[PDB]
Amino acid sequence: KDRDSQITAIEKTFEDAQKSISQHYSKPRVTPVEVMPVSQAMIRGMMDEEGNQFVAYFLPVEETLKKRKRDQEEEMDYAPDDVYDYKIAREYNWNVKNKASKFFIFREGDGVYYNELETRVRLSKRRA
Amino acid sequence: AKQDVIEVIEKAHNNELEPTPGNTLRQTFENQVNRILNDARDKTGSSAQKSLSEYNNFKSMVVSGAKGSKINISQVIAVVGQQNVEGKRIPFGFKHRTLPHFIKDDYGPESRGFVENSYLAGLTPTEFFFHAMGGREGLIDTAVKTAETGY
Amino acid sequence: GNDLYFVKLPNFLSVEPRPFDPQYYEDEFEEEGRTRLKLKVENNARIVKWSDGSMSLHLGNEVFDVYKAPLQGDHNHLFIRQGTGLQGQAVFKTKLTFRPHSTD
Amino acid sequence: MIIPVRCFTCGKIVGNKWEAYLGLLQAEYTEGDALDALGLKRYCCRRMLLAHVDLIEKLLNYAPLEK
Amino acid sequence: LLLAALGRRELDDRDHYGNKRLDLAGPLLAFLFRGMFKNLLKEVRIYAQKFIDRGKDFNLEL
Amino acid sequence: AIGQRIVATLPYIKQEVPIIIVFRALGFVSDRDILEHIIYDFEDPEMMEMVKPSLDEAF
Amino acid sequence: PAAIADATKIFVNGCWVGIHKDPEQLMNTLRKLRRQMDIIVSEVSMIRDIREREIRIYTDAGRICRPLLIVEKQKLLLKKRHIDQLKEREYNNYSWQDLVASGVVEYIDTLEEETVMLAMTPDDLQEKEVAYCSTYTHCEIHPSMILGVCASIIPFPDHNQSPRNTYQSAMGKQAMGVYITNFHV
Amino acid sequence: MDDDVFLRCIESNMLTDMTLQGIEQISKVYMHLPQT
Amino acid sequence: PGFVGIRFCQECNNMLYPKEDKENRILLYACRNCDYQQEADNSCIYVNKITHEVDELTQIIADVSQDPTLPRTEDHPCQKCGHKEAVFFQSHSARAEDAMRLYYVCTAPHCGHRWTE
Ligand SMILES: [Zn+2]
Ligand SMILES: [Zn+2]
Ligand SMILES: [Zn+2]
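The title assigned to this entry in its PDB record is "Pol II-CSB-CRL4CSA-UVSSA-SPT6-PAF (Structure 4)".

Looking up chain A in the PDB entry gives the name RNA polymerase II-associated factor 1 homolog, with the organism given as Homo sapiens.

Written out as structure tokens, the structure is:
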């Protein structure tokens, strides 16, 4: 149709989301409490095997066997199909070879700022 | 009565039941179970009948012969009893089941259509369906005998 | 800071993975055309939390009430994979599990 | 379709109580307390108010034959 | 059939509603529509044949 | 005659047809093939003797 | 054909399409797929006959079925959160279809009921002094749903002789009332 | 016909028509004391 | 005694019919389609079990232990594996009059032992 209206309509949401809100859409009876403002790569896990890519699932604050998840590629023919594992050492830990399991968009409280970081390709790993 | 039927079932399951002359083992087991449950129905009906006072209006109408029978009183007060389809207990219309609510191969009284409640107590859903089956048999008989008898 | 802020928007509400910038936006799209332009104009976001517990989407004058379904079938570890380190420097933020379905 | 005038059983007037009954119900009375407030003490008149379905309100959703 | 004759399977129950289907408005109107569309295509065949036998075009609307 | 014969009442045909004839008409002439299609467990002679009359009737 | 002995046949709408080696986890996969509203739609019936190794899948029309509550080990999948979202049905547009899509409810046809072990009420799922089943798979939403439109008007129909309930179900249809609101036109 | 087929035929016949004891057309008989 | 199975020709794969060789006075199995012959090894041509003394344990399959609609018991442990639970069911097969007999199957996976009390 036209761009001089699209520029202002896209900025219009960027401006209206920051106004004062005190009412619902269907029945304006519910008062708001707070607001949650908004590449990526997520390793899916199988619910039976129950996969521990992080130390959270292991119920751990930090890595008791590492200090940096150096997510490095499995090979040269697999950029999206890397090999994520929590091993700072060349130790034969759980080698979770994140196969290519090729919208699931992710965001965060980035200091109450307007951005996005939608995911690129749902990979899923197993115990190799 | 239900414990008696359970005992007969356990006997049949253990091959501790031998058939009587003129019947197969299935028919003998069915005869034993039906005898137990008919005895239960009659005993409970007698209990209800003796419980009635001289002021009871069911008893008044039955005594005068105006309407009703002692079996009706038993079904209203004591127990509705066994529901039969074609003169036998409720058939296994599912695969070795009368309803999906029972286990397979369940020849117990409640599985095969014994209404252990009265009409005042109220029927359970399976008793309700089995009683509807038994009553459907009477409706079909009433609606099908007429043409042949009139002819 | 580290809280789950995952949402799953349908095809007709696909927001841009990057902030709106005049050097990344262009005019290419036009009842038939009315659903077409709404992909790159209405689609930055503020997920309001109400008092009843539910959330809603605010991308303009219209409000889409969303429901933060919490799924134990897709427990993927969501991470900001930016091309910088060895192979996509996945930063550990929040594991995606709960998916919020927006709709009119 | 509309609240009867009299109670079918006794002949007590209930026609003037439907609107008051509804007003008491929106005033957060229970149906029993509302019926007590209107003076319907026999269960026949309580039957009249408690079992009434105001269908006339639905018949008034249709435009009349003449404007 | 052999499993039934050997007693290894039960005979099927004619009355089991798992063995039955309810022919509703849609599948019934479909039966009608198949018959009626076939008759219509037949009538179109005769009408078009009597024209092309004369070696000239015909109007499908008629 | 001797045993129980299996027949097949096909549509548009006003006479019973032995099942073995139907199987051969579909391209399965060897009796082994037909019983491979009918009897899936060759360790079961009961099924075998009950199908045998149909084979004996169609040779 | 030598493989058909131990294998399980698979019929789809009556057509024998193939065979399988582990029917149990096939049925688990297919039930998971139907309960997730994946490729299998809700009205598809999937019966595993175990003693005879057929797995019959039906998608055709005319199959009368009814909804039932799926049962976990010995628990309903209908948790209190579903009832909570159903209570505010008019605000959050959480409807029946969301209940079916959650894998909490399932449509079971007459032929799949043969393979189902029903609980009449969640009280049947309680552990008892002598367990009747202890391996239920579904539960009734309410047994009174076995009745139709005219029998659902009888009060206390389980305290009547069944012919009486049939005669009322016939006589509710000759009863006067307001057959429709727009009767004036 | 060959001998073995003849043995099979007479087997199938003897097992049906060979009346060892009893009267034809009488399938079953029940003996009892009449209480009435 | 035991039943007798059908045996097929090695050339035409048709069933071999029984025949007697007078010259050696010996049983043969010969094809009436091709000209194949074979020396029998059973000497029995036909077997009819009128009593129908069939071991229904052979008809049972362990997969039935996966049936949620069958009853389970803890009172009859498995003699092959020691599992406590076991499903039980009746014959439900035609030509079996004394069919109140119970057949048990072990619910342990990959054991599948079947028996009868
Ligand atoms: Zn009154
Ligand atoms: Zn040969
Ligand atoms: Zn075992």
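Back to the text.
**Some words on the overall build of chain A**
Of regular secondary structure, chain A possesses one helix and seven strands. The helix and strand sequence of chain A, counted from the amino end, reads α-β-β-β-β-β-β-β. Taking 14 Å as the expected radius of gyration for a compact globule of 128 residues, we find that chain A reaches 21 Å, considerably beyond that expectation.

**Quick word on the overall build of chain E**
Across its full length, chain E carries two helices and zero strands. Relative to its length of 62 residues, chain E is extended, with a C-alpha radius of gyration of 24 Å against a globular reference of 11 Å. Viewed in the frame of its principal axes, chain E has a C-alpha envelope of about 70 × 30 × 10 Å. When burial is assessed residue by residue, chain E has 13% of its 62 residues classed as buried. Charged side chains in chain E number 12 positive and 9 negative. The centres of these two groups are separated by 5 Å.

**Section: the arrangement of the chains**
The two partners chain A and chain B share no contact, and the minimum distance between any of their C-alpha atoms is 31 Å. Separated in space, chain D and chain E share no contact, their closest pair of C-alpha atoms being 31 Å apart.

**Some points on the packing of helix α5 (residues 125-150) of chain B against helix α5 (residues 162-171) of chain G**
It is the contact of α5 of chain B with α5 of chain G, at a shortest axis distance of 8 Å, that shows an interaxial angle of 75°. Taken together, the axis directions place α5 of chain B and α5 of chain G in an arrangement best described as roughly perpendicular. Contacts from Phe128, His131, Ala132, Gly135 and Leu139 of chain B of α5 of chain B reach α5 of chain G at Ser162, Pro163, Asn165, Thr166 and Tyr167 of chain G. The residue inventory of the contact of α5 of chain B with α5 of chain G, partitioned by class, reads five nonpolar, five polar and no charged.

**Description of the interface of chain E and chain G**
Contacts between the two partners involve 10 residues from chain E and, on the opposite side, 12 residues from chain G. Taken together, the residues of the side of chain E that touches chain G break down into two nonpolar, three polar and five charged.

**Some points on the pairing of strand β7 (residues 89-92) of chain C**
Residue and element names in this part refer to chain C. Where strand β6 (residues 79-82) meets β7, four bridges bridge the pair, whose relative direction is antiparallel. Directly across from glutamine 82, in β7, lies its bridge partner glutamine 89. With antiparallel pairing between neighbouring strands as the criterion, β6 and β7 make up a hairpin whose turn holds six residues, including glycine 88 at a positive phi of roughly 60°.

**Some thoughts on the sheet that holds strand β3 (residues 37-39) of chain I**
Residue and element names in this part refer to chain I. Overall, antiparallel pairing links the three strands, which are arranged β1-β2-β3 in an open sheet. If you trace the sheet from one side to the other, it starts and ends with β1 (17-21) and β3, each paired once. Adjacent strand axes in the sheet meet at a mean angle of 40°, parallel and antiparallel pairs treated alike. In this structure, β1 lies alongside strand β2 (residues 26-30), joined through five bridges in antiparallel fashion. Each residue of the ladder has a partner; that of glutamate 20, found in β2, is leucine 27.

**Section: the sheet that holds strand β4 (residues 55-58) of chain G**
All names here are of chain G. If you walk across this open sheet you meet the four strands as β2-β1-β4-β3, and the pairing is mixed. Edge positions in the sheet fall to β2 (15-20) and β3 (45-48), since each has one partner strand and no second. Between one strand axis and the next, the sheet turns by 20° as a mean value, whatever way the strands run. Both β3 and β4 contribute to a ladder of four bridges, which runs antiparallel. Note on β4: the bridge partner recorded for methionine 46 is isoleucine 57. Packed onto the sheet, helix α1 (residues 23-35) meets β1 (8-12), β2, β3 and β4 and runs at close to 160° relative to β3.

**A short note on the interface of chain B and chain G**
Many analyses report the size of an interface as the accessible area lost when the parts associate. Opposite the 21 residues of chain B that make contact, chain G presents 26 residues. Across the side of chain B that touches chain G, the residue classes break down as 12 nonpolar, six polar and three charged.

**Observations regarding the environment of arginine 51 of chain G**
With respect to the element layout, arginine 51 of chain G can be found in the loop between β3 and β4. Within the structure, the side chain of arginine 51 of chain G is placed 2.8 Å from the backbone oxygen of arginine 8 of chain E, a separation counted as a polar contact.

**Re the pattern of salt bridges**
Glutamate 10 of chain E is the salt-bridge partner of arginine 51 of chain G, the closest N and O atoms lying 2.8 Å from each other. Taken together, the positions of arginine 51 of chain G in the loop between β3 and β4 and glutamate 10 of chain E in the loop between α1 (2-5) and α2 (25-52) put the pair across two chains. A salt bridge links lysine 22 of chain I to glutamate 20 of chain I; its shortest N-O distance comes to 3.9 Å. Three or more residues are tied together by salt bridges with common partners; here these are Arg21 of chain E together with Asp60, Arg63 and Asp109 of chain G.

**Considerations on unusual backbone geometry**
In this model, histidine 96 of chain B sits at a positive phi of 60°, which is unusual for a non-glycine residue. Residue position: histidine 96 of chain B is located in the loop between β1 (81-82) and β2 (114-115).

**Let's talk about the side chain of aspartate 109 of chain G**
All names here are of chain G. Its place among the elements puts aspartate 109 in strand β6 (residues 105-109). A polar contact of 2.6 Å, which involves the side chain of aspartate 109, links it to the backbone nitrogen of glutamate 112. Discounting residues that sit within four places of it in the chain, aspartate 109 has contacts with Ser45, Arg63, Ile64 and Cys65.

**Points about the environment of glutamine 38 of chain I**
All names here are of chain I. Mapped onto the elements, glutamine 38 comes out in strand β3. For the pair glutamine 38 and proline 68, spaced 30 residues apart in sequence, the C-alpha separation works out to 50 Å. Setting aside anything within four residues of it in sequence, one finds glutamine 38 in contact with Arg7, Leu16, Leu27, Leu28 and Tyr29.

**Let's talk about the packing of aromatic side chains**
With 5.8 Å between their ring centres and 80° between their planes, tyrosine 40 of chain F and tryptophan 16 of chain G make a pair best called edge-to-face. Within this pair, whereas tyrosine 40 of chain F is found in the loop between α2 (31-38) and α3 (45-57), its partner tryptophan 16 of chain G is found in strand β2, the two belonging to separate chains. Measuring from centroid to centroid gives 5.8 Å for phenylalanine 88 of chain I and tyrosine 104 of chain I, while their planes differ by 40°, and the two rings are tilted. With a gap of 16 residues between them, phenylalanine 88 of chain I in strand β5 (residues 86-90) and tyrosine 104 of chain I in strand β6 (residues 102-106) connect regions that are remote in the sequence. Clustering of aromatic rings is evident, with ring pairs tying together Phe29, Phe92 and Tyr107 of chain B. We note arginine 54 of chain E situated over the ring of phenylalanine 51 of chain E; from NZ or CZ to the ring centre the distance is 4.8 Å.

**Considering the packing of helix α3 (residues 57-64) of chain B against helix α4 (residues 70-77) of chain B**
Residues and elements named next belong to chain B. Interhelical geometry of α3 versus α4 gives an angle of 165° and a closest axis separation of 10 Å. Between α3 and α4, the interaxial angle falls into the category roughly antiparallel. Along this stretch, α3 crosses α4, giving a crossing that reads as right-handed. Taking contact as the criterion, the partners of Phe58, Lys59 and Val62 in α3 are, on α4, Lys70, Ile73 and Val76. Partitioning the contact of α3 with α4 into residue classes produces four nonpolar, no polar and two charged.

Criteria and cut-off values
- Residues numbered from 1 in each chain as written, not as in the entry; some residues may be left out.
- Chains lettered and ligands numbered in written order.
- Part of a larger assembly, values for the part shown.
- Heavy atoms only, no water.
- Residues with missing side-chain atoms left out of burial classes, pairs and counts.
- Helix = DSSP H or I, 4+ residues; strand = E, 2+ residues; numbered from the N terminus.
- Rg over C-alpha atoms; globule rule 2.2 N^0.38 Å.
- Buried < 20%, exposed > 50% of the residue type's maximum accessible area, 1.4 Å probe, protein only.
- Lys, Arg positive; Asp, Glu negative; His and termini not counted.
- Charge placed at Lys NZ, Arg CZ, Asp CG, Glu CD.
- Contact = heavy atoms within 4.5 Å.
- Axes fitted to C-alpha atoms, helices over the stretch in contact; angles between N-to-C directions.
- Parallel < 35°, antiparallel > 145°, perpendicular 65-115°, else oblique.
- Nonpolar A, V, L, I, M, F, W, Y, C, P; charged D, E, K, R; others polar.
- Pairing = 2+ DSSP bridges.
- Polar contact = N/O pair within 3.5 Å; in protein donor to acceptor, adjacent residues only side chain to side chain.
- Salt bridge = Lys/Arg side-chain N within 4 Å of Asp/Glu carboxyl O.
- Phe/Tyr/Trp six-rings, centres within 6.5 Å; stacked < 30°, edge-to-face > 60°.
- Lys NZ or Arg CZ within 6 Å of the ring centre and 35° of its normal.
- Left-handed = near helix turned anticlockwise from the far one by under 90°.

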